[PDB]
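Novice: Give me coordinates for this.
(chains A, B, C and D)
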Amino acid sequence: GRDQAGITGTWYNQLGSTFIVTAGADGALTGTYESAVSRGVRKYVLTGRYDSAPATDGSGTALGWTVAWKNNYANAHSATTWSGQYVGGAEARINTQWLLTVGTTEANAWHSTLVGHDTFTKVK
Amino acid sequence: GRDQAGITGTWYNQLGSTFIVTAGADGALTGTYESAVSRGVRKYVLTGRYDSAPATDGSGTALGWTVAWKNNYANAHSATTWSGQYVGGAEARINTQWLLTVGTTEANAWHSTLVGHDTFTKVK
Amino acid sequence: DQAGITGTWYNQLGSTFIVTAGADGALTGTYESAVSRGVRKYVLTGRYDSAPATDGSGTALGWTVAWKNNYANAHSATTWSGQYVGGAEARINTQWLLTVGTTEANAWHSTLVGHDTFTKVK
Amino acid sequence: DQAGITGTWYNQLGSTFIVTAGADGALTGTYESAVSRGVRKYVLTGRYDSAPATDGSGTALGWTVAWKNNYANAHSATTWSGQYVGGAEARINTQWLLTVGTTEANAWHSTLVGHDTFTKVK
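Specialist: Numbering: from 1, shown residues only, chains lettered A, B, ... in the order given. Below, you will see the structure:
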């Protein structure tokens, strides 16, 4: 993976959330997420995918991952997906937009999905 | 997983895309996606997560998954995340909203992310 | 066009969108949400492409409702972005963003996203 | 309020949003995008909560730009949904939806999503 080295490691967003991820050569993302907003009780499993061979034209690397907000300790009956791109260099960043869907009845489904944006940096 | 049985299997969206997924007891989603829009050359790996213990109050099951649009045959330098909920019963459905991010230069990043919505059914 | 757009539209929730499309690209009207009479009517304003591409493309448009009227204030605003498609099964296909006034701490939870399809028959 | 909102705002792209907020909740103005003079100015209309919650919450608002003017037509419309926060570092924090007129076949690819932060100094 071109950016396997670049992506693997600890990232921090503008909320102070911590995203720990290993990028496989096959395009796999695996790791843990800890949200600053709502320790092992605050860590949730993440899986996702990234482009292992980006276009060498200065483009970022497209990627995405999901966290379902259930662990051994708590269950918030919701899942967030982040969609964005990794940009390498001195101020390496993951620029994302996210969707947070909560389990609802059919009547409440219209109010089920939050949208936002997180920027991840290598320094907190 | 409460809906491990319900989620596992083949799903079809309003575009005719085919989503093949196995739901693990630990909340893992794994499988393949084939988009009707842009065979083994058209299959892409998906990973994701779902709530393995939803609230028993009639709520859907929150879930998400990612497809990076690279396989052994093609690379579209992009990733889609779907965020939504599974609803069981006679007309079982996965109601999703999605984000499709393409690798771009910093100048083009403003134009990097499409948003949409897919409804998956068990019949095409 | 202005002919196709002007009039009464209904979404999958049973909400009612009453809109007049001006020659200048203006949308003006009232929105009534099935979810949250005159107590449930809110002012909408917006814009549409008054000269769409004549290649069978839809007509791009958007409008905003702030959820304050003489009776109620929900300290929120929805914008719909989408396109009008004419013909026998005329439709406005939209995605929307609903933002509630929050403190800085709650801003991350401030915006709902969804999609509404409006038809000329409920 | 109408005082805080009325005036000139700049986003992280260098785009310029000129808006007047009416007492009735109306937004009227012009938008000039840094990306895609009078040839680059487009009409905007929108709404804001004219009586926000006095608990330190932002003021919900939205507006629409259809990308047609006397000079150019890009067959598209953007809506911004967000909130105004007053004080020394006054801001309009938004998410937006950009929809282009497409055929039914291309509708799946019709809508871009993003986020713009507007400040009183560029």
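Novice: only C-alpha atoms for contact and neighbour calcs from this point on.
Specialist: Fine.
Novice: Now do the buried residues in stretch A:38-54.
Specialist: A:42-54 (16 or more other C-alpha atoms under 10 Å in any protein chain shown).
Novice: Which ones among those residues map onto strands?
Specialist: Among the buried residues of stretch A:38-54, the members falling in strands (DSSP state E) are A:44, A:45, A:46, A:47, A:48, A:49, A:50.
Novice: any idea which of these is closest to residue B:17?
Specialist: residue A:49 (19.1 Å; C-alpha to C-alpha).
Novice: Just list whatever residues bridge to the closest one.
Specialist: Here residue A:49 sits in beta bridges with residue A:28, residue A:64, going by DSSP bridges.
Novice: Give me the distance between residue A:42 and residue C:111.
Specialist: 24 Å (C-alpha to C-alpha, to the nearest Å).
Novice: swap that for residue A:10, please
Specialist: 27 Å.
Novice: and what of residue A:81?
Specialist: 15 Å.
Novice: How many neighbouring residues does residue A:74 have?
Specialist: Applying other C-alpha atoms under 10 Å in any protein chain shown, we find 11 residues neighbouring residue A:74.
Novice: these two touch, right, it and residue A:44?
Specialist: No: assessed by C-alpha atoms under 8 Å, residue A:74 is found out of contact with residue A:44, at 9.7 Å.
Novice: Now do stretch A:104-111: distance from first to last residue.
Specialist: 8 Å.
Novice: For stretch A:6-26, buried residues please.
Specialist: By neighbour count on 16+ other C-alpha under 10 Å, the buried set for stretch A:6-26 is A:7-8, A:10-13, A:17-26.
Novice: any idea which of those is closest to chain D?
Specialist: For the buried residues of stretch A:6-26, the closest approach to chain D (C-alpha to the nearest C-alpha) belongs to residue A:13, at 15.8 Å.
Novice: Let me see the contact set for the residue nearest to the closest one when sequence neighbours are not counted.
Specialist: Among residues not flanking residue A:13 along the chain, residue A:120 sits closest, at 4.2 Å (C-alpha to C-alpha, 6 or more residues apart in numbering or on different chains). Residue A:120 sits next to A:11, A:12, A:13, A:14, A:93, A:94, A:95 when contact means C-alpha atoms under 8 Å, 6 or more residues apart in numbering or on different chains.
Novice: distance of the residue sitting furthest away from the middle of chain A from chain D?
Specialist: For chain A, the residue at maximal distance from the C-alpha centroid (C-alpha atoms, centre = their mean) is residue A:107, at 29.2 Å. Counting by C-alpha to the nearest C-alpha, to the nearest Å, the gap from residue A:107 to chain D is 24 Å.
Novice: How many residues are close by residue A:5?
Specialist: There are 12 residues near residue A:5, going by other C-alpha under 10 Å.
Novice: Under a three-state scheme, what state does it occupy?
Specialist: helix (DSSP: H, G, I helix; E, B strand; the rest coil).
Novice: bridging residues for the spatially closest residue to it that is not a sequence neighbour?
Specialist: Excluding the flanking residues, the one nearest residue A:5 by C-alpha to C-alpha, 6+ apart is residue A:23, at 7.8 Å. Following DSSP bridges, residue A:23 is listed with bridge partners residue A:29.
Novice: and if you look at residue A:70?
Specialist: residue A:75.
Novice: need the contact list for it.
Specialist: So residue A:70 contacts A:44, A:76, A:77, A:78, B:51, B:52 (C-alpha under 8 Å, 6+ apart).
Novice: 7 Å instead, please
Specialist: The neighbours of residue A:70, taking C-alpha atoms under 7 Å, 6 or more residues apart in numbering or on different chains as the test, are A:44, A:76, A:77, B:51.
Novice: Which two among the residues you listed are spaced furthest apart?
Specialist: A:44 and A:77 (12.7 Å).
Novice: before we move on, back to that, which two among the buried residues of stretch A:6-26 are spaced furthest apart?
Specialist: For the buried residues of stretch A:6-26, and using C-alpha to C-alpha, no pair is farther apart than A:17 and A:26, which are 26.5 Å apart.
Novice: who in chain A is up against chain B?
Specialist: A:47-51, A:54, A:58-68, A:70, A:77-85, A:99-105 (C-alpha under 7 Å from any C-alpha of the partner chain).
Novice: Mark which of those are buried, thanks.
Specialist: A:47-51, A:54, A:59-68, A:70, A:77-85, A:99-104.
Novice: show me what contacts residue A:36?
Specialist: A:15, A:16, A:17.
Novice: Please name the nearest non-neighbouring residue to the first one.
Specialist: Of all residues beyond its chain neighbours, the one nearest residue A:15 is residue A:36 (6.1 Å), with distances taken as C-alpha to C-alpha, 6+ apart.
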